[PDB]
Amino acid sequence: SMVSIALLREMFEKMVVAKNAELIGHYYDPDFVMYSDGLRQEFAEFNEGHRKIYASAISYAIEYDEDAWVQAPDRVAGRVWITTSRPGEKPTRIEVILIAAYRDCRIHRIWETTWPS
């Protein structure tokens, strides 16, 4: 496989599912910018926002549409379902189509849209 897809999947497992905010600076470049559903967020705000939510009672599960992966040098696109659970609530499933571009094996840009928003 290509390096980018493997790193993206590792980030989703070890950072997101594990809610490990100490790995944000491991997987994401200091100049990272996220574009998501009309919002633009640079590294510092992405980092602080994820530190706060990972400290909450939420939990995450992640799965992928294997048929949708696109992989190229320093780039990957995929179709991801993120299922979020909170104590006392029904889980909610969000579909994300995302493009990730890497610099020196860290995520430098993500562009994503989600359904529902």
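Just count from 1 along the sequence shown to find any residue number.
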Worksheet, complete the sentence: Comparing mean C-alpha B factor in the record for 18-26 and 105-113, the higher one is 18-26
Worksheet entry | Comparing 66-74 with 81-89, the one whose average Cα B-factor in the PDB entry is higher | 81-89
Worksheet item: Sorting the chain's CA B-factors, does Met34 end up in the lowest, middle or highest third?
Response: lowest
Worksheet item: Of the three thirds of its chain by CA temperature factor, lowest, middle or highest, which one includes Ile5?
Response: middle
